[PDB]
>>> print(open('query29.txt').read())   # compact mmCIF, N, CA, C and O atoms
# COMPACT_ATOMS: atom_id res chain seq x y z
N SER S 1 102.04 102.67 101.21
CA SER S 1 103.27 103.34 100.79
C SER S 1 104.57 102.50 100.84
O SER S 1 105.31 102.43 99.86
N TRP S 2 104.86 101.88 101.98
CA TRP S 2 106.07 101.08 102.14
C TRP S 2 105.81 99.71 102.76
O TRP S 2 105.00 99.57 103.67
N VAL S 3 106.50 98.70 102.28
CA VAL S 3 106.38 97.37 102.87
C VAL S 3 107.74 96.87 103.35
O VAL S 3 108.74 97.02 102.64
N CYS S 4 107.79 96.31 104.55
CA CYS S 4 109.04 95.74 105.04
C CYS S 4 108.95 94.21 105.13
O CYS S 4 107.87 93.64 105.06
N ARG S 5 110.11 93.57 105.27
CA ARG S 5 110.20 92.13 105.44
C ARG S 5 111.28 91.79 106.48
O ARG S 5 112.29 92.50 106.61
N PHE S 6 111.03 90.73 107.26
CA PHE S 6 111.96 90.29 108.28
C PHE S 6 112.67 89.04 107.81
O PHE S 6 112.10 88.25 107.08
N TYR S 7 113.92 88.85 108.23
CA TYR S 7 114.72 87.75 107.69
C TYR S 7 115.31 86.79 108.70
O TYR S 7 116.15 85.96 108.37
N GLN S 8 114.84 86.86 109.94
CA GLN S 8 115.51 86.17 111.01
C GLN S 8 114.48 85.84 112.08
O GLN S 8 113.59 86.63 112.35
N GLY S 9 114.60 84.67 112.70
CA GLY S 9 113.77 84.33 113.83
C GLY S 9 112.32 84.01 113.49
O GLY S 9 111.99 83.61 112.36
N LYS S 10 111.47 84.20 114.49
CA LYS S 10 110.07 83.79 114.41
C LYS S 10 109.27 84.39 113.26
O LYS S 10 108.32 83.78 112.78
N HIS S 11 109.63 85.60 112.84
CA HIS S 11 108.82 86.28 111.84
C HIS S 11 109.50 86.27 110.47
O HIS S 11 109.16 87.06 109.60
N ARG S 12 110.45 85.36 110.28
CA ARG S 12 111.19 85.34 109.03
C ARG S 12 110.22 85.17 107.87
O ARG S 12 109.33 84.32 107.92
N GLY S 13 110.39 85.98 106.83
CA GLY S 13 109.57 85.83 105.63
C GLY S 13 108.26 86.60 105.67
O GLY S 13 107.60 86.76 104.65
N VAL S 14 107.88 87.09 106.85
CA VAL S 14 106.65 87.85 106.98
C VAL S 14 106.86 89.24 106.37
O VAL S 14 107.90 89.85 106.57
N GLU S 15 105.89 89.74 105.63
CA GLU S 15 106.00 91.08 105.08
C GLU S 15 104.97 91.96 105.75
O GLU S 15 103.84 91.54 105.95
N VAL S 16 105.36 93.18 106.10
CA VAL S 16 104.45 94.04 106.85
C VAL S 16 104.26 95.42 106.21
O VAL S 16 105.22 96.10 105.84
N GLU S 17 103.00 95.84 106.09
CA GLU S 17 102.71 97.20 105.67
C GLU S 17 103.11 98.20 106.75
O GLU S 17 102.76 98.03 107.92
N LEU S 18 103.86 99.22 106.35
CA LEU S 18 104.30 100.23 107.29
C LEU S 18 103.29 101.36 107.38
O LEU S 18 102.97 102.00 106.38
N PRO S 19 102.78 101.60 108.59
CA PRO S 19 101.91 102.75 108.85
C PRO S 19 102.65 104.09 108.69
O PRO S 19 103.86 104.17 108.85
N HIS S 20 101.90 105.13 108.34
CA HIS S 20 102.35 106.51 108.47
C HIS S 20 101.75 106.96 109.78
O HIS S 20 100.60 106.64 110.04
N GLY S 21 102.49 107.67 110.63
CA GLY S 21 103.84 108.10 110.37
C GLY S 21 104.79 107.59 111.44
O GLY S 21 105.79 106.97 111.09
N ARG S 22 104.50 107.83 112.72
CA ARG S 22 105.33 107.26 113.78
C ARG S 22 105.11 105.76 113.92
O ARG S 22 104.02 105.31 114.27
N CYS S 23 106.16 104.98 113.67
CA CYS S 23 106.02 103.53 113.63
C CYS S 23 106.97 102.82 114.60
O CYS S 23 108.20 102.98 114.51
N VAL S 24 106.41 102.05 115.51
CA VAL S 24 107.25 101.36 116.49
C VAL S 24 107.28 99.85 116.34
O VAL S 24 106.24 99.20 116.26
N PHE S 25 108.49 99.30 116.33
CA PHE S 25 108.71 97.85 116.36
C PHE S 25 109.15 97.54 117.76
O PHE S 25 109.97 98.26 118.32
N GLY S 26 108.63 96.47 118.32
CA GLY S 26 108.94 96.12 119.68
C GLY S 26 108.25 94.84 120.07
O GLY S 26 107.45 94.29 119.31
N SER S 27 108.56 94.36 121.27
CA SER S 27 107.95 93.15 121.79
C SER S 27 106.81 93.49 122.73
O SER S 27 106.02 92.61 123.10
N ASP S 28 106.72 94.77 123.11
CA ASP S 28 105.68 95.23 124.04
C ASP S 28 104.50 95.85 123.28
O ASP S 28 104.59 96.97 122.81
N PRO S 29 103.40 95.10 123.17
CA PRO S 29 102.23 95.50 122.38
C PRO S 29 101.59 96.79 122.90
O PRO S 29 100.86 97.43 122.16
N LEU S 30 101.87 97.15 124.16
CA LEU S 30 101.46 98.44 124.70
C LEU S 30 102.24 99.60 124.08
O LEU S 30 101.77 100.72 124.05
N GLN S 31 103.45 99.35 123.61
CA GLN S 31 104.20 100.46 123.06
C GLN S 31 104.48 100.36 121.55
O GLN S 31 105.00 101.30 120.95
N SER S 32 104.13 99.23 120.94
CA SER S 32 104.63 98.94 119.60
C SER S 32 103.50 98.73 118.61
O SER S 32 102.49 98.11 118.93
N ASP S 33 103.69 99.24 117.40
CA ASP S 33 102.73 99.06 116.31
C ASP S 33 102.92 97.71 115.64
O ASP S 33 101.97 97.06 115.22
N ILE S 34 104.18 97.31 115.52
CA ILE S 34 104.54 96.05 114.92
C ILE S 34 105.22 95.23 115.99
O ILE S 34 106.29 95.56 116.49
N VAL S 35 104.54 94.16 116.38
CA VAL S 35 104.87 93.43 117.58
C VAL S 35 105.69 92.23 117.19
O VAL S 35 105.25 91.38 116.44
N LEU S 36 106.92 92.17 117.68
CA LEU S 36 107.79 91.05 117.36
C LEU S 36 107.90 90.15 118.58
O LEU S 36 108.04 90.63 119.69
N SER S 37 107.81 88.84 118.37
CA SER S 37 107.81 87.93 119.52
C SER S 37 109.16 87.33 119.93
O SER S 37 109.21 86.62 120.93
N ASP S 38 110.24 87.59 119.18
CA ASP S 38 111.55 87.05 119.58
C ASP S 38 112.01 87.64 120.90
O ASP S 38 111.81 88.83 121.16
N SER S 39 112.62 86.81 121.74
CA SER S 39 113.08 87.27 123.06
C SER S 39 114.26 88.25 122.96
O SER S 39 114.48 89.06 123.87
N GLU S 40 115.01 88.17 121.87
CA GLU S 40 116.10 89.12 121.63
C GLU S 40 115.59 90.54 121.43
O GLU S 40 116.38 91.47 121.45
N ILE S 41 114.27 90.70 121.24
CA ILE S 41 113.69 92.01 120.90
C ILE S 41 113.15 92.81 122.09
O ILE S 41 112.24 92.38 122.80
N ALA S 42 113.69 94.01 122.28
CA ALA S 42 113.26 94.92 123.34
C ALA S 42 111.77 95.33 123.25
O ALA S 42 111.20 95.36 122.15
N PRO S 43 111.15 95.64 124.40
CA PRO S 43 109.81 96.24 124.48
C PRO S 43 109.61 97.31 123.40
O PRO S 43 108.66 97.27 122.63
N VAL S 44 110.53 98.27 123.35
CA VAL S 44 110.58 99.21 122.24
C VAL S 44 111.91 99.02 121.55
O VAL S 44 112.95 99.25 122.16
N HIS S 45 111.90 98.57 120.31
CA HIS S 45 113.14 98.14 119.67
C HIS S 45 113.62 99.11 118.58
O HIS S 45 114.82 99.37 118.46
N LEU S 46 112.67 99.65 117.81
CA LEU S 46 112.96 100.49 116.65
C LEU S 46 111.78 101.43 116.39
O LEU S 46 110.62 101.00 116.39
N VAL S 47 112.08 102.72 116.22
CA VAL S 47 111.05 103.73 116.00
C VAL S 47 111.39 104.47 114.72
O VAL S 47 112.48 105.01 114.56
N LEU S 48 110.44 104.49 113.81
CA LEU S 48 110.67 105.13 112.53
C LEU S 48 109.66 106.24 112.35
O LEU S 48 108.57 106.21 112.93
N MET S 49 110.04 107.23 111.56
CA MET S 49 109.06 108.18 111.05
C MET S 49 108.75 107.82 109.60
O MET S 49 109.66 107.70 108.77
N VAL S 50 107.48 107.62 109.30
CA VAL S 50 107.08 107.16 107.98
C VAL S 50 106.14 108.14 107.28
O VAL S 50 105.10 108.52 107.83
N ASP S 51 106.53 108.55 106.08
CA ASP S 51 105.62 109.23 105.17
C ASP S 51 105.91 108.75 103.77
O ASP S 51 106.74 107.86 103.57
N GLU S 52 105.24 109.34 102.79
CA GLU S 52 105.33 108.85 101.43
C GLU S 52 106.69 109.15 100.79
O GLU S 52 107.11 108.46 99.86
N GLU S 53 107.38 110.16 101.29
CA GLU S 53 108.71 110.47 100.77
C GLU S 53 109.73 109.40 101.13
O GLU S 53 110.61 109.06 100.33
N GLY S 54 109.61 108.86 102.34
CA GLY S 54 110.57 107.92 102.84
C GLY S 54 110.41 107.63 104.31
O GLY S 54 109.37 107.92 104.93
N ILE S 55 111.47 107.07 104.88
CA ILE S 55 111.44 106.58 106.24
C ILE S 55 112.70 107.02 106.96
O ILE S 55 113.81 106.82 106.47
N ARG S 56 112.53 107.63 108.13
CA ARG S 56 113.71 108.04 108.88
C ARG S 56 113.82 107.39 110.24
O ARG S 56 112.83 107.20 110.95
N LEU S 57 115.06 107.07 110.59
CA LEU S 57 115.39 106.58 111.91
C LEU S 57 114.96 107.61 112.96
O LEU S 57 115.08 108.81 112.76
N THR S 58 114.40 107.14 114.07
CA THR S 58 114.00 108.04 115.13
C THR S 58 114.68 107.64 116.40
O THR S 58 115.16 108.47 117.15
N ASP S 59 114.74 106.33 116.63
CA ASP S 59 115.23 105.82 117.89
C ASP S 59 115.38 104.32 117.72
O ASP S 59 114.64 103.70 116.95
N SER S 60 116.31 103.72 118.44
CA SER S 60 116.48 102.28 118.39
C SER S 60 117.14 101.74 119.66
O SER S 60 117.97 102.42 120.26
N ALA S 61 116.76 100.53 120.05
CA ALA S 61 117.27 99.94 121.29
C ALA S 61 118.76 99.76 121.18
O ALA S 61 119.44 99.47 122.16
N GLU S 62 119.28 99.94 119.97
CA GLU S 62 120.66 99.62 119.67
C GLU S 62 120.95 100.27 118.33
O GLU S 62 120.03 100.60 117.56
N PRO S 63 122.23 100.49 118.03
CA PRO S 63 122.48 101.22 116.79
C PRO S 63 121.91 100.50 115.58
O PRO S 63 122.01 99.28 115.48
N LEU S 64 121.28 101.26 114.69
CA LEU S 64 120.82 100.73 113.40
C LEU S 64 121.96 100.73 112.39
O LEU S 64 122.52 101.78 112.08
N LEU S 65 122.30 99.56 111.86
CA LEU S 65 123.27 99.50 110.78
C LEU S 65 122.57 99.39 109.43
O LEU S 65 121.65 98.59 109.25
N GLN S 66 122.99 100.22 108.49
CA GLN S 66 122.52 100.12 107.13
C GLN S 66 123.71 99.71 106.29
O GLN S 66 124.74 100.37 106.29
N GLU S 67 123.59 98.59 105.59
CA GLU S 67 124.72 98.01 104.88
C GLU S 67 125.97 97.91 105.75
O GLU S 67 127.08 97.93 105.22
N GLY S 68 125.81 97.80 107.07
CA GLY S 68 126.95 97.65 107.96
C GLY S 68 127.45 98.95 108.59
O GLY S 68 128.35 98.92 109.44
N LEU S 69 126.87 100.08 108.19
CA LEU S 69 127.29 101.36 108.74
C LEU S 69 126.20 101.97 109.63
O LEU S 69 125.03 101.98 109.27
N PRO S 70 126.60 102.47 110.81
CA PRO S 70 125.65 103.09 111.73
C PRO S 70 124.95 104.28 111.10
O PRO S 70 125.54 105.01 110.29
N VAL S 71 123.69 104.47 111.45
CA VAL S 71 122.87 105.50 110.85
C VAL S 71 122.58 106.53 111.92
O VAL S 71 122.11 106.17 113.00
N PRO S 72 122.85 107.80 111.62
CA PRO S 72 122.52 108.92 112.52
C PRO S 72 121.01 109.04 112.68
O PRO S 72 120.26 108.72 111.76
N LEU S 73 120.59 109.54 113.83
CA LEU S 73 119.18 109.57 114.20
C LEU S 73 118.12 110.03 113.19
O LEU S 73 117.12 109.35 113.04
N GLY S 74 118.28 111.15 112.52
CA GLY S 74 117.18 111.58 111.66
C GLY S 74 117.31 111.20 110.21
O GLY S 74 116.57 111.67 109.36
N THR S 75 118.28 110.33 109.91
CA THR S 75 118.62 109.98 108.55
C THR S 75 117.48 109.32 107.80
O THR S 75 116.71 108.55 108.36
N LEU S 76 117.39 109.60 106.50
CA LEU S 76 116.46 108.85 105.68
C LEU S 76 117.11 107.52 105.26
O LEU S 76 118.31 107.46 104.98
N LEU S 77 116.33 106.44 105.24
CA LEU S 77 116.89 105.11 105.02
C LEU S 77 116.76 104.67 103.57
O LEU S 77 115.84 105.08 102.87
N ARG S 78 117.70 103.84 103.14
CA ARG S 78 117.71 103.33 101.78
C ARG S 78 116.83 102.09 101.58
O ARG S 78 117.13 101.02 102.11
N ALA S 79 115.76 102.24 100.81
CA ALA S 79 114.93 101.11 100.39
C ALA S 79 115.79 99.99 99.81
O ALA S 79 116.71 100.25 99.06
N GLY S 80 115.47 98.74 100.17
CA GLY S 80 116.17 97.60 99.62
C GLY S 80 117.49 97.24 100.28
O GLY S 80 118.05 96.19 100.01
N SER S 81 117.99 98.08 101.18
CA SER S 81 119.27 97.77 101.80
C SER S 81 119.17 96.92 103.06
O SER S 81 118.13 96.86 103.73
N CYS S 82 120.28 96.27 103.39
CA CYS S 82 120.37 95.46 104.58
C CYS S 82 120.29 96.30 105.86
O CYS S 82 121.16 97.13 106.13
N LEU S 83 119.26 96.08 106.67
CA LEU S 83 119.08 96.89 107.88
C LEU S 83 119.03 96.01 109.12
O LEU S 83 118.20 95.10 109.22
N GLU S 84 119.93 96.26 110.07
CA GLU S 84 119.90 95.51 111.32
C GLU S 84 119.90 96.37 112.59
O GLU S 84 120.68 97.32 112.71
N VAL S 85 119.00 96.02 113.52
CA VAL S 85 119.04 96.52 114.89
C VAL S 85 119.16 95.31 115.83
O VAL S 85 118.15 94.67 116.16
N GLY S 86 120.38 95.01 116.25
CA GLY S 86 120.64 93.76 116.95
C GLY S 86 120.11 92.58 116.14
O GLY S 86 120.49 92.36 114.99
N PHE S 87 119.18 91.85 116.74
CA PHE S 87 118.57 90.67 116.15
C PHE S 87 117.49 91.01 115.10
O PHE S 87 117.03 90.13 114.38
N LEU S 88 117.07 92.27 115.03
CA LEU S 88 116.10 92.69 114.04
C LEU S 88 116.80 92.90 112.69
O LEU S 88 117.56 93.83 112.52
N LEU S 89 116.53 92.00 111.75
CA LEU S 89 117.16 92.03 110.44
C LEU S 89 116.07 92.20 109.39
O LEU S 89 115.16 91.37 109.27
N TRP S 90 116.13 93.29 108.63
CA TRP S 90 115.01 93.59 107.76
C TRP S 90 115.38 94.47 106.58
O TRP S 90 116.48 95.03 106.51
N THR S 91 114.44 94.59 105.65
CA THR S 91 114.49 95.67 104.68
C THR S 91 113.09 96.15 104.36
O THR S 91 112.09 95.58 104.83
N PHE S 92 113.01 97.19 103.54
CA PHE S 92 111.73 97.67 103.06
C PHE S 92 111.85 98.13 101.62
O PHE S 92 112.94 98.46 101.14
N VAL S 93 110.72 98.15 100.92
CA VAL S 93 110.67 98.72 99.59
C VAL S 93 109.36 99.47 99.38
O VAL S 93 108.44 99.39 100.20
N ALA S 94 109.29 100.19 98.26
CA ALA S 94 108.09 100.90 97.89
C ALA S 94 107.03 99.86 97.62
O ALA S 94 107.35 98.77 97.18
N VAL S 95 105.78 100.21 97.90
CA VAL S 95 104.68 99.24 97.89
C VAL S 95 104.59 98.36 96.65
O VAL S 95 104.26 97.18 96.74
N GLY S 96 104.87 98.92 95.48
CA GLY S 96 104.81 98.13 94.27
C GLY S 96 105.98 97.21 94.00
O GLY S 96 105.95 96.44 93.05
N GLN S 97 107.03 97.27 94.82
CA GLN S 97 108.25 96.53 94.52
C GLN S 97 108.36 95.14 95.16
O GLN S 97 107.69 94.85 96.15
N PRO S 98 109.20 94.28 94.58
CA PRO S 98 109.49 92.94 95.11
C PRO S 98 110.58 92.92 96.20
O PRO S 98 111.70 93.42 96.00
N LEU S 99 110.25 92.33 97.34
CA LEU S 99 111.18 92.21 98.44
C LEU S 99 112.17 91.07 98.18
O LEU S 99 111.77 90.01 97.72
N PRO S 100 113.46 91.30 98.46
CA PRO S 100 114.52 90.28 98.37
C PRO S 100 114.15 89.03 99.17
O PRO S 100 113.57 89.12 100.24
N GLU S 101 114.51 87.86 98.66
CA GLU S 101 114.24 86.62 99.37
C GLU S 101 115.30 86.38 100.46
O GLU S 101 115.03 85.71 101.46
N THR S 102 116.49 86.94 100.24
CA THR S 102 117.64 86.79 101.13
C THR S 102 118.26 88.17 101.41
O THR S 102 118.18 89.05 100.57
N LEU S 103 118.89 88.35 102.57
CA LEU S 103 119.76 89.49 102.81
C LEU S 103 121.16 89.01 103.02
O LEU S 103 121.37 87.93 103.59
N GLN S 104 122.13 89.79 102.56
CA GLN S 104 123.53 89.51 102.82
C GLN S 104 124.01 90.53 103.82
O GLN S 104 124.00 91.73 103.55
N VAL S 105 124.44 90.04 104.98
CA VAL S 105 124.90 90.90 106.05
C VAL S 105 126.41 91.14 105.92
O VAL S 105 127.20 90.20 105.86
N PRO S 106 126.81 92.41 105.88
CA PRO S 106 128.18 92.87 105.63
C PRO S 106 129.07 93.04 106.85
O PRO S 106 129.72 94.07 106.94
N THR S 107 129.15 92.05 107.75
CA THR S 107 129.97 92.20 108.97
C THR S 107 131.37 92.82 108.75
O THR S 107 132.10 92.50 107.80
>>> encode(input="query29.txt", output="structure tokens")
Amino acid sequence: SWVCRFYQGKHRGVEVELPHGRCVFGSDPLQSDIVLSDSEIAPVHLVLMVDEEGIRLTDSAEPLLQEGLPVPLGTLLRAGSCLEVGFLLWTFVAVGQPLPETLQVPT
């Protein structure tokens, strides 16, 4: 259904298939579905709810910015947009789509 890509650190350029439905990014393989090895990354860093309609923020070690604006907890996220949780810099698109080679961060 959805594929994400990372743009920073050890996993830069890696693309990952997103599981349905509860999806955890983190450095702690006991708690996380997608295991990130950067030291900047919390044991549990980002929790999403995933289904075919879209993806919603559930929880994050730090505020999630979308295009530079904080995202409220249950919000549905915009495919293709710049998404950051601290050092976690990423985007996602629908499975058939092409992922951006670069992200522009809107500080």
>>> residues_around(input="query29.txt", residues="stretch 32-44 of chain S", least_positions_apart="3", cutoff="8 Å", atoms="all atoms listed in the file", output="PyMOL selection string")
chain S and resi 8-11+17+22-29+47+59-62+85-88
>>> atom_distance(input="query29.txt", atom1="atom N of residue S:92", atom2="atom O of residue S:80")
6.2 Å
>>> residues_near_point(input="query29.txt", point="(114.4, 104.1, 101.7)", cutoff="7 Å", atoms="all atoms listed in the file", output="PyMOL selection string")
chain S and resi 53-55+76-80+92-93
>>> atom_distance(input="query29.txt", atom1="atom N of residue S:98", atom2="atom N of residue S:83")
15.8 Å
>>> atom_distance(input="query29.txt", atom1="atom N of residue S:68", atom2="atom CA of residue S:96")
24.6 Å
>>> closest_residue(input="query29.txt", among="S:20, S:67, S:30, S:95", to="residue S:48", atoms="all atoms listed in the file")
S:20
>>> residues_near_point(input="query29.txt", point="(121.2, 101.7, 110.8)", cutoff="7 Å", atoms="only C-alpha atoms", output="number ranges by chain")
S: 63-66, 69-71, 83-85
>>> write_last_selection(input="query29.txt", atoms="N, CA, C and O atoms", output="PDB file, in the coordinates of the input")
ATOM      1  N   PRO S  63     122.230 100.490 118.030  1.00  0.00           N
ATOM      2  CA  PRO S  63     122.480 101.220 116.790  1.00  0.00           C
ATOM      3  C   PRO S  63     121.910 100.500 115.580  1.00  0.00           C
ATOM      4  O   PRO S  63     122.010  99.280 115.480  1.00  0.00           O
ATOM      5  N   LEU S  64     121.280 101.260 114.690  1.00  0.00           N
ATOM      6  CA  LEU S  64     120.820 100.730 113.400  1.00  0.00           C
ATOM      7  C   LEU S  64     121.960 100.730 112.390  1.00  0.00           C
ATOM      8  O   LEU S  64     122.520 101.780 112.080  1.00  0.00           O
ATOM      9  N   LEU S  65     122.300  99.560 111.860  1.00  0.00           N
ATOM     10  CA  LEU S  65     123.270  99.500 110.780  1.00  0.00           C
ATOM     11  C   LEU S  65     122.570  99.390 109.430  1.00  0.00           C
ATOM     12  O   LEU S  65     121.650  98.590 109.250  1.00  0.00           O
ATOM     13  N   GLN S  66     122.990 100.220 108.490  1.00  0.00           N
ATOM     14  CA  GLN S  66     122.520 100.120 107.130  1.00  0.00           C
ATOM     15  C   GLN S  66     123.710  99.710 106.290  1.00  0.00           C
ATOM     16  O   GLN S  66     124.740 100.370 106.290  1.00  0.00           O
ATOM     17  N   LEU S  69     126.870 100.080 108.190  1.00  0.00           N
ATOM     18  CA  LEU S  69     127.290 101.360 108.740  1.00  0.00           C
ATOM     19  C   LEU S  69     126.200 101.970 109.630  1.00  0.00           C
ATOM     20  O   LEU S  69     125.030 101.980 109.270  1.00  0.00           O
ATOM     21  N   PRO S  70     126.600 102.470 110.810  1.00  0.00           N
ATOM     22  CA  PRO S  70     125.650 103.090 111.730  1.00  0.00           C
ATOM     23  C   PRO S  70     124.950 104.280 111.100  1.00  0.00           C
ATOM     24  O   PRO S  70     125.540 105.010 110.290  1.00  0.00           O
ATOM     25  N   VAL S  71     123.690 104.470 111.450  1.00  0.00           N
ATOM     26  CA  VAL S  71     122.870 105.500 110.850  1.00  0.00           C
ATOM     27  C   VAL S  71     122.580 106.530 111.920  1.00  0.00           C
ATOM     28  O   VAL S  71     122.110 106.170 113.000  1.00  0.00           O
ATOM     29  N   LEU S  83     119.260  96.080 106.670  1.00  0.00           N
ATOM     30  CA  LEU S  83     119.080  96.890 107.880  1.00  0.00           C
ATOM     31  C   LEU S  83     119.030  96.010 109.120  1.00  0.00           C
ATOM     32  O   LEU S  83     118.200  95.100 109.220  1.00  0.00           O
ATOM     33  N   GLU S  84     119.930  96.260 110.070  1.00  0.00           N
ATOM     34  CA  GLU S  84     119.900  95.510 111.320  1.00  0.00           C
ATOM     35  C   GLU S  84     119.900  96.370 112.590  1.00  0.00           C
ATOM     36  O   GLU S  84     120.680  97.320 112.710  1.00  0.00           O
ATOM     37  N   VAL S  85     119.000  96.020 113.520  1.00  0.00           N
ATOM     38  CA  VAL S  85     119.040  96.520 114.890  1.00  0.00           C
ATOM     39  C   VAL S  85     119.160  95.310 115.830  1.00  0.00           C
ATOM     40  O   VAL S  85     118.150  94.670 116.160  1.00  0.00           O
TER      41      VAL S  85
END
>>> select_by_dssp(input="query29.txt", residues="chain S", states="strand (DSSP E)", output="PyMOL selection string")
chain S and resi 2-6+15-18+21-26+34-35+46-50+55-60+64-66+69-70+83-85+88-94
>>> closest_residue(input="query29.txt", among="S:75, S:102, S:107, S:31", to="residue S:12", atoms="only C-alpha atoms")
S:102
>>> residues_around(input="query29.txt", residues="stretch 1-4 of chain S", least_positions_apart="6", cutoff="7 Å", atoms="only N, CA, C and O atoms", output="PyMOL selection string")
chain S and resi 13-19+51-52+90-97+99
>>> decode(input="query29.txt", residues="stretch 4-19 of chain S", atoms="N, CA and C atoms", output="mmCIF file, in the first residue's frame")
data_model
loop_
_atom_site.group_PDB
_atom_site.id
_atom_site.type_symbol
_atom_site.label_atom_id
_atom_site.label_comp_id
_atom_site.auth_asym_id
_atom_site.auth_seq_id
_atom_site.Cartn_x
_atom_site.Cartn_y
_atom_site.Cartn_z
ATOM 1 N N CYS S 4 7.821 4.265 2.170
ATOM 2 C CA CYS S 4 8.512 5.454 2.648
ATOM 3 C C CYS S 4 9.990 5.430 2.268
ATOM 4 N N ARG S 5 10.638 6.586 2.393
ATOM 5 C CA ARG S 5 12.066 6.724 2.141
ATOM 6 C C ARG S 5 12.700 7.647 3.194
ATOM 7 N N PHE S 6 13.941 7.345 3.570
ATOM 8 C CA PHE S 6 14.667 8.130 4.551
ATOM 9 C C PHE S 6 15.715 8.970 3.846
ATOM 10 N N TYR S 7 16.020 10.148 4.381
ATOM 11 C CA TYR S 7 16.907 11.074 3.669
ATOM 12 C C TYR S 7 18.128 11.551 4.433
ATOM 13 N N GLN S 8 18.427 10.904 5.543
ATOM 14 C CA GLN S 8 19.410 11.441 6.452
ATOM 15 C C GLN S 8 20.048 10.285 7.210
ATOM 16 N N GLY S 9 21.344 10.374 7.463
ATOM 17 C CA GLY S 9 22.018 9.396 8.297
ATOM 18 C C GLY S 9 22.224 8.037 7.656
ATOM 19 N N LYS S 10 22.342 7.039 8.520
ATOM 20 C CA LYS S 10 22.715 5.687 8.109
ATOM 21 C C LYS S 10 21.800 5.035 7.078
ATOM 22 N N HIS S 11 20.526 5.388 7.089
ATOM 23 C CA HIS S 11 19.579 4.706 6.221
ATOM 24 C C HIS S 11 19.175 5.578 5.038
ATOM 25 N N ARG S 12 19.981 6.593 4.739
ATOM 26 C CA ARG S 12 19.622 7.510 3.671
ATOM 27 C C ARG S 12 19.437 6.737 2.372
ATOM 28 N N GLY S 13 18.350 7.010 1.658
ATOM 29 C CA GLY S 13 18.138 6.384 0.359
ATOM 30 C C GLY S 13 17.415 5.050 0.421
ATOM 31 N N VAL S 14 17.307 4.475 1.613
ATOM 32 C CA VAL S 14 16.627 3.204 1.774
ATOM 33 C C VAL S 14 15.117 3.433 1.642
ATOM 34 N N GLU S 15 14.422 2.554 0.937
ATOM 35 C CA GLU S 15 12.975 2.682 0.839
ATOM 36 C C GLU S 15 12.344 1.522 1.564
ATOM 37 N N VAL S 16 11.286 1.789 2.319
ATOM 38 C CA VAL S 16 10.688 0.742 3.140
ATOM 39 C C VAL S 16 9.183 0.572 2.918
ATOM 40 N N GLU S 17 8.755 -0.669 2.733
ATOM 41 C CA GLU S 17 7.327 -0.969 2.693
ATOM 42 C C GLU S 17 6.700 -0.785 4.066
ATOM 43 N N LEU S 18 5.606 -0.028 4.110
ATOM 44 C CA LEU S 18 4.916 0.215 5.366
ATOM 45 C C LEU S 18 3.870 -0.854 5.626
ATOM 46 N N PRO S 19 4.005 -1.547 6.760
ATOM 47 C CA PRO S 19 2.993 -2.505 7.201
ATOM 48 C C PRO S 19 1.666 -1.823 7.563
#
